[PDB]
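Worksheet: one structure, shown below.
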Amino acid sequence: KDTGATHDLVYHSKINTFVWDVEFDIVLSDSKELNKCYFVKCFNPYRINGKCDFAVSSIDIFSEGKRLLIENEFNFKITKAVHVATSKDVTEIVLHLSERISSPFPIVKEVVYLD
Amino acid sequence: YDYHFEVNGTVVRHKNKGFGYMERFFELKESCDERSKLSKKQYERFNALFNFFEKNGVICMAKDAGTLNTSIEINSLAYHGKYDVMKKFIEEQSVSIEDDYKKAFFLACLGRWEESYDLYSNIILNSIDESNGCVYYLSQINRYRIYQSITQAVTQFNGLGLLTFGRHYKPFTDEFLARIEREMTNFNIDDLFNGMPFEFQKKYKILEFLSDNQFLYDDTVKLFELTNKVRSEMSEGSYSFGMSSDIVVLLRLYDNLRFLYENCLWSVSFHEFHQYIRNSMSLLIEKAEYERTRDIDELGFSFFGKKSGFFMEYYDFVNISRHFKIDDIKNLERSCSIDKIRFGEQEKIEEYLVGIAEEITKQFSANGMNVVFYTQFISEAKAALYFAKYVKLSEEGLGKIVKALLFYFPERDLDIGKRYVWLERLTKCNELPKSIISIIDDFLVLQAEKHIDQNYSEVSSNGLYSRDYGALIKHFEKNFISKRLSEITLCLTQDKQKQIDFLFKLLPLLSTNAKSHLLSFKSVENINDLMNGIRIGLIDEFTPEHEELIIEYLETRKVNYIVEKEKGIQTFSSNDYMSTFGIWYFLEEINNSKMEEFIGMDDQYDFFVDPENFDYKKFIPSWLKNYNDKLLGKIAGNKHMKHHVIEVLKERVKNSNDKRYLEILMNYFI
Amino acid sequence: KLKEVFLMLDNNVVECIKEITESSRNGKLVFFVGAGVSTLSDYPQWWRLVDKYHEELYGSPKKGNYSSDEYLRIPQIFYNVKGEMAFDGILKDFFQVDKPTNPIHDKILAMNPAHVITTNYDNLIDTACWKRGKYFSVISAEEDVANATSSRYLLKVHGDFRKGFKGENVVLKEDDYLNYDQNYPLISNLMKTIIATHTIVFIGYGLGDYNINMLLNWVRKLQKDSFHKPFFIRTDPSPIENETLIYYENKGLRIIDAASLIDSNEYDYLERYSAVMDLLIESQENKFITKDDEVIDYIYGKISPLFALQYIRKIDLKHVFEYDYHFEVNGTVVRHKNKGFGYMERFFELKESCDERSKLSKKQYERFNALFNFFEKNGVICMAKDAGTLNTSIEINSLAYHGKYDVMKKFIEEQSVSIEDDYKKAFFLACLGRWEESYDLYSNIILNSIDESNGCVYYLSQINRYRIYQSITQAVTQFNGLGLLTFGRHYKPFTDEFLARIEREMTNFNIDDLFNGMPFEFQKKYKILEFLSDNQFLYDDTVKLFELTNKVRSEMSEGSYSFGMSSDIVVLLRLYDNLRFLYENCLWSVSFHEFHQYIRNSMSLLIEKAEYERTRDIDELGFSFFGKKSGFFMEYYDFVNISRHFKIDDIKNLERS
């Protein structure tokens, strides 16, 4: 549990999320493979939208150092997480938190409070 | 120390043992006959004294005071950014060393630092022989400061500019960077004053502080008087005579500002001055807000209900734009109710915002670019355009500002999302007219043309794209058709898949035939396609076949869930498709009732389909942290689910003491 | 090449360069400029004029060779026979010309001299100074000594041509050299005084010249081994012989020989002038730290004068070492702006390993022990790279802080044995309420501190006495205006005669100039005390606090939580540092209102942050097991601080919030 990589973890309550500098490898739908990916969340309570939209927070997916666009179902099964220091404790910590918190995409890279 | 001068504009006796010469001078000023009594040369000297004291603002004794007024007027092109006039004054032929000093200050202001260095060197060369000590001293000071700024800029550029600019820049050559480094070898500023004639050391002692490493250290410490809490309960106004600390601090700030900008000193661009202004302004505004709140508490709400203890004007606007970054402005915006403070002299602030826009257009429309000037200028423009939300603008000025912001602001500092935020902030105070609508339509058309290239792709730091621009367009005008976009669509073809996707986000702006043609290209065949279209594609209505497909999915998932009960194992889940369907049903979007049979899988789905019969002990309060305003209002609307959520929110705010839960329970529900 | 020059230096050259650079730093360096420096830039030498005089006197031109006396005799005969008009006509013909300066002048001015003495009559150094921008007073006549505009001189002893090309303004013939002491009393007096109170370097002269020998005779007769030997920079094609070297060294000189450092051709005079002038002097303005015993010597020289005090703030140390290193409040050093040998790193390495300590010679281990004790007591641990588990502890040893009034009463009653005890007694009296005795005792301490000392107690006693005087005056003003109502009686704490006496005594004192009047040794050793006379010693702390407050409040507004360490710990550490420094050095500054306000604001921020962090354990451990344990609780120091520095309304506000 105790490690030197946890000193940068941040908890944000307005959206119930964890911000951390970490890169992910993801198997999508058990058929697609991607490496060095991450998320960015944007909290927006006042956005001009229609009845189809109901979520304050909008998420975006980046892969490699490039934006990624996915249309198919985003079935998510983590397989490896790496932090700058390269400690492997993150690989089990990520699972522990993800099980702990109920909201989707429990850990992201950056959060933008539009208001 | 014979007398004590005050920002009030009055003088007082202090530890003087002798004749009261100042009182006699004021008596002479009051009466013309006494001025007649004096001799002739004495009369001329008295006139000079009168001119000086009136110009700098010393009025009369403290006992003989009155309802003295106060106003600040800084006479300097540099404090108003009259860039063109500065350039013209630079281009003319000088007549005296004073004009050369002014020209050097303007040259350094405009970013061209090497010319400033050369001019200051020439001034130093000539002034010593010309026997003008003041300009010699001040020019030595300014040349040293310019050298320091040049060196710091060189280091910062060679460190990070090649990365942030995308290419290594060389604003200065190497011959110059070797020459100045050789000349300023072992030069120390600390003995500059002591090496001057003792006549200068006697007459001009007050300027010694300009050779010290840091000044404004007593002024910063004196700011602690604005953080006192005893005053609101009981205040004496001991600061001077009946002047709260607010007035004294503000007038001291104005004195420092005026002295530095008027005398053409180059210490105005360094970190210490910016930090001092930041601290002073923030503390003043915070104290004003606290006084307002305490007065509201003591007396009734009707007393000072929306009173603004602090009042902004042109000077405060320019100072806040220049010296604050975006983070500082946001801190002040999230610390006090800035919406409750009114702004004055809006024509001048309107005339200030348009000048910034024209300067941006001049800087970036032309191929030439002064990088160093562009890095000391973009910050003020950004901050001013951000702070311009609180002031009412005219139509033509608003059009100029919007055009400059949308077409010419460099992308390296204002990406698409920040562009959208800055643009949207302006409409809060001013209702959108047709002209700005046309400008934004032109921007959208230009982006559509940009999207022809296959490699082109919008990059945003907050997930805001052209769809948001279109939504903003449509919000203030329900009926609108883009003719250029319409004809663009009419010539559209299948192989332009990127254009297809791009203008799929702008369906409401297209015409009937155009949208028919576009929808002729794409269709939905599965649930995944359905939600891809709903997200991107704007499927407004659930067709009956879509509903039947949804029911088919639901029955398939029912079978899978039965087989899962048999398994007793669930690896992981990513996205709850059932929850979206349940919420849509609650939002009166799916009119079918078959899925009501498909109940008992997801607690959220049950909550969103049959709230009356759902078991609420399974309710998770965190669910409330993802819904938006409309959904929360709807949840408040229903009766079967109001008081239970009241109870859970109350319990959570009691135990957690969280602010978001209190916000929802107060603004919505009870 | 330059590295080779730095390498082959003997001990003598290194010591000479050390002394020259140090005396340049202190602001007392003087150049005696010769004639070769004025020939590097072309300018008609004297032998050309002697040749022209010989040609005009006898029809024949120069024959054979000229002895030393001919240069001074031939012009004399020419003047005597033909007439003055010819002498000055030839002078104007030969000297009326403009010539460029040369790099040696720029280098000399870059050395930053105080005065500059010269035997030249050209205006080359004048132009050099003007272009470099320096301001010097030119003294080339007798009436100029009285009316001097500034306090740094460009002394041309033999004259100039700024009042015409006449032969009377200069010294060029044997008659001029005979009546020098009678026609130039004031200039000679001033030159001797400058020589006797400064460090002198001879450039471009050559041994055996007239002036060198005349000055050497004066030095011989007119002194008693109570002066500093000048330095000599010799630049001639061949290396100096040993017999001449020893003979001139015994005669009151220190020679630096250019030909020895580097080898060059016969006529490359610029090369050998530049090899020694600045490329070796200014470039050697840095240290010479290369050994395991030089490091300790340098650090001891820098740190020793701070032993007189009790405790030193960590941030202040950044000025003691001249921005060479950054000291954090937690106790970790970091490199910044230092390019030479890393001496703090080597000191820490010595601290770690005992074997390296054993390598230190005798007479240097005790200095290392003293430095180790000093640093350990202050709280500096190690470099930031090798940082361990830093702790937080508080300890103040002053009886005034804990409010033990009976103990200070007894101590005041008890007899004293040293001036330090009287100093502490005066401070206790000040914190006891006897303004009269405190002022009298401080005056007595100022009187008795005449004896040899560091000047620390004297300076701090002056500061404290002035502060007490201000306190007395403020009390008097408040007592008779408001005290009449506070108690209903005209309370007369002070007799009128004492008030008149103190007001008369302190009417001239100016606290601003107190530091600048002290001896230069005090001004260069105790520079961290300069901030004690103004508000300047609370500047950086308040700036940092104002920034940290905004940062923390923004974090709380966002609702974010960090799982590392508290972001405000620097506030607490700085607060304790300032309290310790002020209380444990017996300084009255603790009674100022601004310090009270600073402490109040710091404590308010800390309490607010602690309260905010407390309640997160319900929205943290109520959603997931993950959480934190670190926190803040009140203690003895917190209680005494909040008692002393708070008013009732501040406490009420904190209780409400």
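Residue numbers (the numbering used here), protein chains in the order written: chain A, 2 to 116; chain B, 10 to 679; chain C, -16 to 640.
Cβ coordinates follow ideal geometry from the N, Cα and C atoms, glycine included.
query, result
"Contact under 7 Å by Cβ, B:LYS524 with B:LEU516", "yes"
"Closer than 7 Å to chain A by CB, B:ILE592", "yes"
"For A:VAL113, three-class secondary structure by DSSP", "strand"
"Neighbourhood of B:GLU368 by C-beta distance below 8 Å, restricted to the same chain and skipping five residues each side", "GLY90, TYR92, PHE386, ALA390"
"In chain order, each alpha helix (DSSP H) run of at least 4 residues that lies wholly inside the region 453 to 530 of chain C", "479 to 488, 503 to 508"
"Beta-carbon contacts of C:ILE0 that lie in its chain and below 6 Å, excluding the five residues immediately before and after", "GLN267"
"Close-in-space but distant-in-sequence residues of the same chain around A:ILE60 (CB under 8 Å, 5 per side omitted)", "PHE40, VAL41, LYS42, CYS43, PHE106, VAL109"
"With 16 other Cβ atoms within 10 Å as the buried cut-off, status of B:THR498", "buried"
"Environment of B:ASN471 [buried if 16+ CB atoms lie within 10 Å]", "buried"
"Whole-angstrom distance between A:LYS78 and C:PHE331, CA atom to CA atom", "50 Å"
"Residue burial classification, C:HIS319 (beta-carbon count within 10 angstroms, cutoff 16)", "exposed"
"Distance cut-off 6 Å: C:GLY42 Cβ against heavy atoms of the ligand ADP", "Summarising the ligand content, the structure contains no ligands, and the ligand ADP is consequently not present."
"Local Cβ density within 10 Å of B:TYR636, reported as buried at 16 or more and exposed below that", "buried"
"Opposing strand residues paired with A:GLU34 [DSSP bridges]", "A:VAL28"
"For B:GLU597 and B:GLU359, the rounded distance between their alpha carbons", "47 Å"
"Extent of the continuous alpha helix (DSSP H) to which C:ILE178 belongs", "168 to 178"
"Alpha carbon of B:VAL662 to alpha carbon of B:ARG669, nearest angstrom", "9 Å"
"Contiguous beta strand (DSSP E) assignments of at least 3 residues, all confined to the region 137 to 162 of chain C", "none"
"Cα-Cα separation, C:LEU468 to C:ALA291", "47 Å"
"Range covered by the beta strand (DSSP E) that runs through C:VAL16", "13 to 16"
"Which listed residue (C:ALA258, C:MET327, C:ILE298) has its alpha carbon closest to that of C:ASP280", "C:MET327"
"Per-residue DSSP class, three states only, for C:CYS365", "strand"
"Rounded separation between B:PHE326 and B:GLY364 - CA only", "14 Å"
"Run of the alpha helix (DSSP H) containing B:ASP336, from where it starts to where it stops", "335 to 342"
"Beta carbon of B:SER491 nearer than 7 Å to that of B:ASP450", "yes"
"Contact the region 92 to 104 of chain B vs the region 281 to 295 of chain B: 3+ CB pairs below 8 Å", "no"
"Same chain, Cβ closer than 7 Å to C:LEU589, neighbours up to 5 away in sequence not counted", "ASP551, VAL554, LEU555, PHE615"
"Contact the region 46 to 55 of chain A vs the region 71 to 85 of chain A: 3+ CB pairs below 8 Å", "no"
"CB contact check: C:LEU521 to chain B, cutoff 7 Å", "yes"
"Chain-ordered neighbours of B:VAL230 on chain C, where CB pairs are closer than 8 Å", "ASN518, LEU521, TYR522, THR525, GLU577"
"Chain-ordered neighbours of A:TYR114 on chain C, where CB pairs are closer than 9 Å", "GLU541"
"Start-to-end residues for the beta strand (DSSP E) that takes in A:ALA82", "77 to 84"
"N-terminal and C-terminal residue of the alpha helix (DSSP H) that B:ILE329 is part of", "323 to 332"
"Classification of C:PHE503 by the beta-carbon crowding that lies within 10 angstroms, buried from 16 upward", "exposed"
"Distance, C:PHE61 Cα to C:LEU40 Cα", "7 Å"
"Chain D contacts made by the region 588 to 611 of chain C, where a contact means CB separation under 9 Å", "Given the protein chain composition of this structure (A, B and C), no chain D is represented."
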